[PDB]
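Below you'll find only one chain, the form deposited in one PDB entry, shown as structure tokens.
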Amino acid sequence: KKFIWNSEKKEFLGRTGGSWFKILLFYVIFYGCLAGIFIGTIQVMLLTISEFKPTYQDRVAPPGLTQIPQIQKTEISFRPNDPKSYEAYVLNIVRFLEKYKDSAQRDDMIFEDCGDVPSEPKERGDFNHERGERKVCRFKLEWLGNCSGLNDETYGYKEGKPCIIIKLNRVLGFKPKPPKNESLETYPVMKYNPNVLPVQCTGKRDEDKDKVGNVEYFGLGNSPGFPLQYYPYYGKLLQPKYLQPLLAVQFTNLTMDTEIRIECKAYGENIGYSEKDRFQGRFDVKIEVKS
């Protein structure tokens, strides 16, 4: 029962060489046939998948709202006096903003100028290869003001006025719809541009609202949000080198030595929120500037 490794009968583990060869050959052929069947079914399925548009989008829409720097636990904690406490933040920001430099948008067959004011969505055709690659609207770093990184290379972290870059998750064919007739919320918001998807950053709790200082919005135009001429997005196949619009938020009068909970929220008819997904249409960020 426990002594089968070798035997007089030339039986390795119970079977002879011929029996082992036959059983192993059977399993090799069987698994080869199974692998062939699996590959064939996968290819047949992939034949039904469009290369320009996903079959379903109900799980990716409405899009999420994210921010740069890519922080670990929605926490930004640094000391302005110590240049190594925000070096990771500044490096993350500069790595993100490398493709937004003017020198990287020079090809006129790829990029184009789509105005210096917010505009309506640009229809570039249908989701196919009728006209090859679509052109990409340019986005200038100068729109980001003091968070542009062209004059201050630390983005306000050395001064104690940190910058965050807000972005909306890309969805193919999604055209944001701004709120109708200024009927979402009230603040000193220039929410009168029908070509901007408004974004606002407020204190999370009533304690936080009194400790957040002035919030500065930097982007295209005077309305804080995303200009609509960058939509719809046609995918990485039709529109490689696509640049999504950016909104820069700088906190210039934060209370020091305290952890501040901040909620940034986007508003729109097709922009939704959830209690399960803390990043859908909004996000939370905690910022502590230590003296």
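So that the term is clear: the rigid core is the largest set of C-alpha atoms that superpose within 1.5 Å between two forms. Residue indices: 1-based, along the sequence shown.
A second form of this protein, the form deposited in another entry, is not displayed here; the remarks below concern that form.
- The one residue among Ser183, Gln72, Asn214, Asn81 whose Cα position changes by 2 Å or more between this form and the one not shown, with the core held fixed by superposition, is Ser183.
- A displacement of less than 2 angstroms separates the C-alpha positions of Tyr273 between this form and the one not shown, with the rigid core held in common.
- Between the C-alpha atoms of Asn270 and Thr186, a gap narrowed by no less than 3 Å is obtained in the other form, as opposed to the form on display.
- Relative to the shown form, the CA atoms of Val285 and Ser183 are pushed 3 Å or more farther apart in the other form.
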